[PDB]
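*Asks:* Protein chains in written order, with the deposited numbering: chain AP, 47 to 142; chain AU, 155 to 203; chain AS, 65 to 136; chain AQ, 2 to 87; chain AI, 59 to 194; chain AB, 100 to 198; chain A2, 2 to 117; chain AL, 65 to 192; chain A3, 128 to 150; chain AE, 2 to 123.
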Amino acid sequence: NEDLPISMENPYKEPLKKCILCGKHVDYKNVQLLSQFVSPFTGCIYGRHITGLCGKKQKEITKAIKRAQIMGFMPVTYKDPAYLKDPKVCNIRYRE
Amino acid sequence: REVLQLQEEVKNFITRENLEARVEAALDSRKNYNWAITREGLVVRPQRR
Amino acid sequence: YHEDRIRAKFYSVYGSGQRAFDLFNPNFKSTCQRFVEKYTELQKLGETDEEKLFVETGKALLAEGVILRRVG
Amino acid sequence: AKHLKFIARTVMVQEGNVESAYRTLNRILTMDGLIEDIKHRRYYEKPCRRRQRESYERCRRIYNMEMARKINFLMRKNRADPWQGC
Amino acid sequence: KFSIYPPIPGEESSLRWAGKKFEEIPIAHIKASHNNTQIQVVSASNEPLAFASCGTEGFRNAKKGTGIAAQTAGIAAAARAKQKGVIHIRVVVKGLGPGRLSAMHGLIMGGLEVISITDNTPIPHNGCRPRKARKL
Amino acid sequence: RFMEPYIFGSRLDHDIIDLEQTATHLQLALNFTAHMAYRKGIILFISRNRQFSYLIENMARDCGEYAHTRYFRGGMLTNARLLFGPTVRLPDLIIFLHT
Amino acid sequence: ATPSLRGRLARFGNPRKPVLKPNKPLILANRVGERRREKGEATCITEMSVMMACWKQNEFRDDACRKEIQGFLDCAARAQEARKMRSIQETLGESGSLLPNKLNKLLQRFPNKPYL
Amino acid sequence: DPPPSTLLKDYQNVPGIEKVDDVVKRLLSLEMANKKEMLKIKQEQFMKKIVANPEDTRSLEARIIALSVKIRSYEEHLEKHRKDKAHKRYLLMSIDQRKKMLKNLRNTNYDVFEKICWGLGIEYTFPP
Amino acid sequence: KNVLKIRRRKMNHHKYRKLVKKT
Amino acid sequence: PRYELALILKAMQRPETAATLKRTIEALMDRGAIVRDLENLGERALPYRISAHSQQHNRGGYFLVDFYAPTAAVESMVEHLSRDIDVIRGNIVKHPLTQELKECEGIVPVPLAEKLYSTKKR
RNA sequence: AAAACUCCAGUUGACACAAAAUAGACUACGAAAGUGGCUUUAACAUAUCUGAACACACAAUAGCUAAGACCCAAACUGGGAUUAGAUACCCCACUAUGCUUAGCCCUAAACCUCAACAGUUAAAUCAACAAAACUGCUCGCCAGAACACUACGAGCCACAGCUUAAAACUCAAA
Ligand SMILES: [Mg+2]
Ligand SMILES: [Mg+2]
Ligand SMILES: [Mg+2]
Ligand SMILES: [Mg+2]
Ligand SMILES: [Mg+2]
Ligand SMILES: [Mg+2]
Ligand SMILES: [Mg+2]
Ligand SMILES: [Mg+2]
Ligand SMILES: [Mg+2]
Ligand SMILES: [Mg+2]
Ligand SMILES: [Zn+2]
Numbered sequence: 047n048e049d050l051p052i053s054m055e056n057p058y059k060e061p062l063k064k065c066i067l068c069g070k071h072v073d074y075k076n077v078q079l080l081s082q083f084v085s086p087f088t089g090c091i092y093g094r095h096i097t098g099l100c101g102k103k104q105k106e107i108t109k110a111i112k113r114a115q116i117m118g119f120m121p122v123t124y125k126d127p128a129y130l131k132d133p134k135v136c137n138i139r140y141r142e
Numbered sequence: 155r156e157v158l159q160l161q162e163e164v165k166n167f168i169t170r171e172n173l174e175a176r177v178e179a180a181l182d183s184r185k186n187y188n189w190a191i192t193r194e195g196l197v198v199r200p201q202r203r
Numbered sequence: 065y066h067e068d069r070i071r072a073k074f075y076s077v078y079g080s081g082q083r084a085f086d087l088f089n090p091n092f093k094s095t096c097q098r099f100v101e102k103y104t105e106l107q108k109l110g111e112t113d114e115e116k117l118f119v120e121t122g123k124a125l126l127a128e129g130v131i132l133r134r135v136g
Numbered sequence: 002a003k004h005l006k007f008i009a010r011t012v013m014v015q016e017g018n019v020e021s022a023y024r025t026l027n028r029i030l031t032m033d034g035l036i037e038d039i040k041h042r043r044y045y046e047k048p049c050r051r052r053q054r055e056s057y058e059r060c061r062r063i064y065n066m067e068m069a070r071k072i073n074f075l076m077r078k079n080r081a082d083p084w085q086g087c
Numbered sequence: 059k060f061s062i063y064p065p066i067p068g069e070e071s072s073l074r075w076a077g078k079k080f081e082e083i084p085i086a087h088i089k090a091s092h093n094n095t096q097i098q099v100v101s102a103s104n105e106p107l108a109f110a111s112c113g114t115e116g117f118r119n120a121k122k123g124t125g126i127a128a129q130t131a132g133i134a135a136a137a138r139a140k141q142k143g144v145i146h147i148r149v150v151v152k153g154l155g156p157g158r159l160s161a162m163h164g165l166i167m168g169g170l171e172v173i174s175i176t177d178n179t180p181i182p183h184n185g186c187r188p189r190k191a192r193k194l
Numbered sequence: 100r101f102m103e104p105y106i107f108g109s110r111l112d113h114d115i116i117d118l119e120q121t122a123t124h125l126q127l128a129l130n131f132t133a134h135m136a137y138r139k140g141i142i143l144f145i146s147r148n149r150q151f152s153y154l155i156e157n158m159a160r161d162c163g164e165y166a167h168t169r170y171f172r173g174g175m176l177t178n179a180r181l182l183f184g185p186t187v188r189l190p191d192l193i194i195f196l197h198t
Numbered sequence: 002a003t004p005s006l007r008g009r010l011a012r013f014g015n016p017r018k019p020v021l022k023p024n025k026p027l028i029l030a031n032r033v034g035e036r037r038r039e040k041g042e043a044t045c046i047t048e049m050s051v052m053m054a055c056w057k058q059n060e061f062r063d064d065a066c067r068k069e070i071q072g073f074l075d076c077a078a079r080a081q082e083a084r085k086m087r088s089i090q091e092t093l094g095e096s097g098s099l100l101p102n103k104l105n106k107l108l109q110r111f112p113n114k115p116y117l
Numbered sequence: 065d066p067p068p069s070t071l072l073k074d075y076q077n078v079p080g081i082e083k084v085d086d087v088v089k090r091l092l093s094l095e096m097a098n099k100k101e102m103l104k105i106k107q108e109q110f111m112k113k114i115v116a117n118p119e120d121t122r123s124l125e126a127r128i129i130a131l132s133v134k135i136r137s138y139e140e141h142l143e144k145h146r147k148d149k150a151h152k153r154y155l156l157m158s159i160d161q162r163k164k165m166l167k168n169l170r171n172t173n174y175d176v177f178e179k180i181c182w183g184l185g186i187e188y189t190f191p192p
Numbered sequence: 128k129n130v131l132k133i134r135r136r137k138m139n140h141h142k143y144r145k146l147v148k149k150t
Numbered sequence: 002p003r004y005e006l007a008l009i010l011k012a013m014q015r016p017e018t019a020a021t022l023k024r025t026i027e028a029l030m031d032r033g034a035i036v037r038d039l040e041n042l043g044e045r046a047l048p049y050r051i052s053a054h055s056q057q058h059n060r061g062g063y064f065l066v067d068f069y070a071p072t073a074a075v076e077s078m079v080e081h082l083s084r085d086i087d088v089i090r091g092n093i094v095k096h097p098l099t100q101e102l103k104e105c106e107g108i109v110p111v112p113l114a115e116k117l118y119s120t121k122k123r
């Protein structure tokens, strides 16, 4: 009798995955954070599906990258040699 | 609350008399806002190595 | 129903039980069914805090006989 | 070229593995987008043709991804013959 | 184990090649285009040692864009460099074409060892305007 | 599309067919097929499915009926004047267990 | 992951500019494309080069430097015979390779129904 | 035209006026503010002096004052920056909208219409 | 396909240009 | 509005560095701005060869000058820094503490955009 | 294959007044055209909607006047291969031109060829393509084709043009 289905909030929903830098602040002073997303060879900037971000995060990342490259804080043609021991976050494929 | 916070923060500025001590403290200090993240989102400071 | 939310919270806190679901038996009482039955029979009393009811049901099922080997 | 020298696009050779390092550099250039970029900049590229070929490549990539997902979804039943005749 | 990245000019460069490190190694610049390539051997302190191309062996037109002429020029440059006194070099690739690895194979067969394979492609970032697209 | 008033609800992207109107339409279908076979009727089980093609054909043979779980050609029940012969009694009832 | 096409195709409910303008409609068929094959190889060039070099160095007779020409001939014969035997007798391989027949068979087994 | 040191609106109806010193009064004034603050101050002064209630934001008088201050800002921008087509079109559209609003107001209420025309100085002309 | 009218208009424009260029 | 300035020098350590910093502070004070703090990032290497102004520059010191600039002084400060020979380069960028973070949920599984073609068979 | 130059090229140190690869698997801003290296400022209108060819304003690129600049590309031109003929497709050099200032006709397949204001599709069902189909109001146009992105007339910092815009004849079509 009282066992009728009730349309509620629909459970069985886990919290959606957020970005790896959504809870922190992104500035141009941090050279290591903006250089970790740079290929340590051709110096190319990785896209969105490689780093694992969205729209606003990737936009802020590339803005900070361009600002650091123009003002004089990070190379564009390669990666900083002193920041080559950073933990690998992006996915690679070269060199097997 | 905002104006009280601003009044509490304005007490640490640079005046006409505090110049030599300020530049000495600035030259005798090295601030580095560099920190990387991993696959989860940890904070790694190069100063600890 | 509310039992769906109860089972969701149970799976989020603990996880899967040691007993295997037997879909061949129409009236198969698994671990989740016993848990939600204990939860509703304790709620039928008269309390408002859900955490107290949850920990009371946990202590009751632990002291009864079944030992849910949870994760660390 | 106002930066350094042997840092940008530089590999290493071990035990005389020159062909392996060459293939690695070629794969790096193809993944980072350089060979196709040079082949496109070999001659003057019209902006209309540029946008047209970009849209074509995007549509082709989307179609290839859809086909790959369809293959990975349908590879569950291409095993053998469960029921003979019927 | 074995870092694929080039070592810093820094301190403690823990690789030895004939009693030398990595900075004191002569450089071998190769400009491989679409029909002609040039090979030059320059020392660490910047001194020219040898220089030739595909037209220094008797090749006229068309045949300059062949890997055989590139390998011959590379072997000749390696011989001219060995006549003085060099062992380890560093090849530099400039541009793409049919003779991109032929010069490297010639330098290897001539008697020179390579440890680093770099490439500095002179490609601008929306810079100068190239020639118009020809109608084939 | 034509499947909305016949579903009671969903259970995690799984529709639940209501058994209230199902049993109502089932008895009206079993009673319709009962009077057909009572007056010398001909049934035919047409269900092209490769999983239970053996059980369907045997139930029609033990009871003296007709089954058809094989491939359907073209001019079977439609063009029966130039295939099975001159005059052929077409089955007045076809049971679709698997449409 | 595949990118979404909310405002890509120029439709009636897109108050902006279309970015992707394909020639054919975005409706997949029931057949897979043919694998790439029949390309120019022209392998073994440095061996022929050094053979010509050792021929031009000594006289025309192959008695002064027979090792180089012998190795060149051996390598060329091995490569040619291997390629011929492969392309003649073996075309399958191991797990995951050139599979067009079964691919199109599976595509026709589960085709697309664009007409609802 | 408000002076550079006249105290804006965000830090006006707050307790403690003389409790601060000089640097706090300068940082919270128009010296370290923006042009939007000056526009809001002009709008508030107009709504407090010309019309009666300066609280109604959905009324026609607030819209007229906003259009007038936008017209003034566009005129100042065109006087400072010569070649500017988008700002010129925006100024023309704002003038047209202000004229239409003045026409509607005069059609529905002549008292506030003449009050605005006497206060702001502009006069609604009859289009030929 | 549907370019005959456009080619006719182009020919007419070319004839008019040749006419205004002659005199 | 709050702004920040990154000062770059060319090897002078203490005397000339302090002199130029005092000059910049006095300029920011008498031009119409208020200096907040003055930090120093250290003395590291340059990412590229700067042969801009005079001859070779490959080793400088990075600084941070936080202040409140108005609306008619940043251009004058840029002109003063460009006319000065000691400072190589420096841009007066706004302070990032003004813009806060939003409530972004990160990535999101986008669905399949259907309802784009008719039910034709062709 | 010519032809073009040998004060030609190569590594090192010293250099620009248009042109901002990767980010860009992003769909954003702007009425449209159009626009994505960095630093600062002004700023992206309208509390119902629609509405001028009886008006105003903006507006891809190219072409003009006078000054400042010129690496490279390039109308034209000169030279050089093939063809019976090549004023084009094959190669090199060069002029106007790609840049900023003030003044000009406002030109396109200005194409997403789909006008704006709102909603609807189990009452409504479409020749065929293409991007599925309607209800209420409004602006300019149509009702056979070439003749005609045309003379004249009405305006245009221009006299090789732009905006509006036909008649006569043939055809039983387009
Ligand atoms: Mg098409
Ligand atoms: Mg410019
Ligand atoms: Mg209107
Ligand atoms: Mg010129
Ligand atoms: Mg040229
Ligand atoms: Mg124009
Ligand atoms: Mg357009
Ligand atoms: Mg149109
Ligand atoms: Mg309209
Ligand atoms: Mg017009
Ligand atoms: Zn993030």
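Even for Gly, the Cβ is constructed at its ideal location relative to N, Cα and C.
Identify whether residue 123 (chain AP) lies in helix, strand or coil by the three-state DSSP scheme.
*Replies:* Within the first sequence, the letter at position 77 stands for residue 123 (chain AP). Here residue 123 (chain AP) sits in coil by DSSP.
*Asks:* So, is the C-beta of residue 136 (chain AP) closer than 9 angstroms to a C-beta in chain AQ?
*Replies:* The residue given as residue 136 (chain AP) occupies position 90 in the first sequence. No - not a single Cβ of chain AQ is within 9 angstroms of the one on residue 136 (chain AP).
*Asks:* Below 7 angstroms between beta carbons is the criterion; list the residues of the stretch 182 to 197 of chain AU that meet it against any residue of chain AP, in chain order.
*Replies:* Listed by position, the residues of the stretch 182 to 197 of chain AU near chain AP (Cβ gap below 7 angstroms) are 187, 188, 189, 190, 191, 192, 193 and 195.
*Asks:* I'd like to check one pair, residue 127 (chain AP) with residue 66 (chain AI): are the Cβ atoms closer than 9 angstroms?
*Replies:* Numbered from its first residue, the fifth sequence carries residue 66 (chain AI) at position 8. Numbered from its first residue, the first sequence carries residue 127 (chain AP) at position 81. Cβ distance < 9 angstroms, so residue 66 (chain AI) and residue 127 (chain AP) count as in contact.
*Asks:* For residue 159 (chain AI), which of 84 (chain AI), 141 (chain AI), 61 (chain AI) and 127 (chain AI) has the nearest alpha-carbon?
*Replies:* One-based indexing of the fifth sequence puts residue 159 (chain AI) at position 101. It is 127 (chain AI) whose Cα lies nearest to the Cα of residue 159 (chain AI).
*Asks:* Would you say residue 4 (chain AQ) and residue 108 (chain AP) are within 9 angstroms of each other, going by their C-beta atoms?
*Replies:* For the purposes of this step, residue 4 (chain AQ) is identified with residue 3 of the fourth sequence, where counting begins at 1. For the purposes of this step, residue 108 (chain AP) is identified with residue 62 of the first sequence, where counting begins at 1. It is not a contact, given that the beta carbons lie outside the stated cut-off.
*Asks:* Could you run through the stretch 162 to 183 of chain AI and flag, in chain order, every residue whose CB is less than 9 angstroms away from some CB of chain AQ?
*Replies:* So the list reads 162, 163, 166, 171, 172, 173, 174, 175, 176, 177, 178, 179, 180, 181 and 182, given in the order they occur along the chain.
*Asks:* Once DSSP output is grouped into helix, strand and coil, what is the label at residue 83 (chain AE)?
*Replies:* By one-based count along the tenth sequence, residue 83 (chain AE) stands at place 82. In this structure, residue 83 (chain AE) counts as helix in the three-state DSSP scheme.
*Asks:* The alpha helix (DSSP H) with residue 45 (chain AP) in it runs from where to where?
*Replies:* This structure gives no information on residue 45 (chain AP), because the portion of chain AP shown stretches from 47 to 142.
*Asks:* Which residue's Cα is closest to the Cα of residue 136 (chain AS): 77 (chain AS), 67 (chain AS) and 108 (chain AS)?
*Replies:* Residue mapping note: residue 136 (chain AS) aligns to position 72 of the third sequence, counting from 1. When only C-alpha atoms are compared, the closest one is 77 (chain AS).
*Asks:* What do you get for residue 47 (chain AP), buried or exposed, if any count of 16 or more other CB atoms within 10 angstroms of its CB means buried?
*Replies:* Position 1 of the first sequence, counting from 1, holds the residue named residue 47 (chain AP). Exposed: under 16 other Cβ atoms inside 10 Å.
*Asks:* Distance cutoff 9 angstroms, beta carbons only. Does residue 99 (chain AE) sit that close to anything in chain AU?
*Replies:* As a first step, residue 99 (chain AE) must be located in the tenth sequence, where it is residue number 98. Closer than 9 angstroms: no.
*Asks:* Can you give, in chain order, each stretch of the beta strand (DSSP E) that sits fully within the stretch 29 to 81 of chain AE and has at least 3 residues?
*Replies:* The qualifying runs are 35 to 51 and 58 to 69.
*Asks:* Distance, Cα to Cα, residue 181 (chain AL) vs residue 114 (chain AP)?
*Replies:* Here residue 181 (chain AL) is taken as the residue at index 117 of the eighth sequence, counted from 1. Here residue 114 (chain AP) is taken as the residue at index 68 of the first sequence, counted from 1. When rounded, the distance between both Cα atoms is 54 angstroms.
*Asks:* So with CB distances below 9 angstroms, who are the chain AQ contacts of residue 152 (chain AI)?
*Replies:* Mapped onto the fifth sequence, residue 152 (chain AI) falls at position 94. Within 9 angstroms Cβ-Cβ: nothing; residue 152 (chain AI) doesn't reach chain AQ, min ~11 angstroms.
*Asks:* Would you kindly work out how many angstroms separate the C-alpha atoms of residue 14 (chain AE) and residue 147 (chain AI), rounded to a whole number?
*Replies:* Within the tenth sequence, the letter at position 13 stands for residue 14 (chain AE). Within the fifth sequence, the letter at position 89 stands for residue 147 (chain AI). Rounded to whole angstroms, residue 14 (chain AE) to residue 147 (chain AI) spans 40 angstroms at the Cα level.
*Asks:* Taking the beta carbon of residue 55 (chain AE) as the centre, do at least 16 other beta carbons fall within 10 Å, making it buried, or is it exposed?
*Replies:* Reading the tenth sequence from its first residue, position 54 is the one you call residue 55 (chain AE). Residue 55 (chain AE) comes out exposed.
*Asks:* Give the straight-line distance between the Cα atoms of residue 40 (chain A2) and residue 107 (chain AI), rounded to the nearest whole angstrom.
*Replies:* Working through the seventh sequence from its first residue, we reach residue 40 (chain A2) at position 39. Working through the fifth sequence from its first residue, we reach residue 107 (chain AI) at position 49. Looking at the two C-alpha atoms, the distance is approximately 41 angstroms.
*Asks:* How many angstroms separate the CA atom of residue 125 (chain AL) from the CA atom of residue 111 (chain AL)?
*Replies:* Within the eighth sequence, the letter at position 61 stands for residue 125 (chain AL). Within the eighth sequence, the letter at position 47 stands for residue 111 (chain AL). For residue 125 (chain AL) and residue 111 (chain AL), the distance between alpha carbons rounds to 8 angstroms.
*Asks:* If you check the beta carbons only, do residue 107 (chain AB) and residue 51 (chain AP) fall under 9 angstroms apart?
*Replies:* In the sixth sequence, counting from the first residue as 1, residue 107 (chain AB) sits at position 8. In the first sequence, counting from the first residue as 1, residue 51 (chain AP) sits at position 5. In contact: residue 107 (chain AB) and residue 51 (chain AP) (Cβ atoms closer than 9 angstroms).
*Asks:* Using 8 angstroms as the cut-off, classify the Cβ of residue 129 (chain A3) as near or not near the heavy atoms of ligand 1, replying yes or no.
*Replies:* Taking the ninth sequence and counting its residues from 1, one reaches residue 129 (chain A3) at position 2. Residue 129 (chain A3) Cβ: outside cutoff for every heavy atom of ligand 1.
*Asks:* Count the other CB atoms within 10 Å of the CB of residue 78 (chain AE); is the residue buried (16 or more) or exposed (fewer)?
*Replies:* Numbered from its first residue, the tenth sequence carries residue 78 (chain AE) at position 77. So residue 78 (chain AE) ends up on the buried side.
*Asks:* What's the call for residue 66 (chain AQ), buried or exposed, on a 16-neighbour Cβ count within 10 Å?
*Replies:* Along the fourth sequence, one-based indexing puts residue 66 (chain AQ) at 65. The residue is exposed, with fewer than 16 neighbouring Cβ atoms inside 10 Å.
*Asks:* Output the distance between the C-alpha atoms of residue 157 (chain AU) and residue 71 (chain AL), rounded to the nearest integer angstrom.
*Replies:* Residue 157 (chain AU) sits at position 3 when you count from the first residue of the second sequence. Residue 71 (chain AL) sits at position 7 when you count from the first residue of the eighth sequence. So the two alpha carbons sit approximately 14 angstroms from each other.
*Asks:* Is residue 66 (chain AP) close to ligand 11? I mean its beta-carbon at under 8 angstroms from any heavy atom of the ligand.
*Replies:* Here residue 66 (chain AP) refers to the residue found at position 20 of the first sequence. For ligand 11, at least one heavy atom lies less than 8 angstroms from the Cβ of residue 66 (chain AP).
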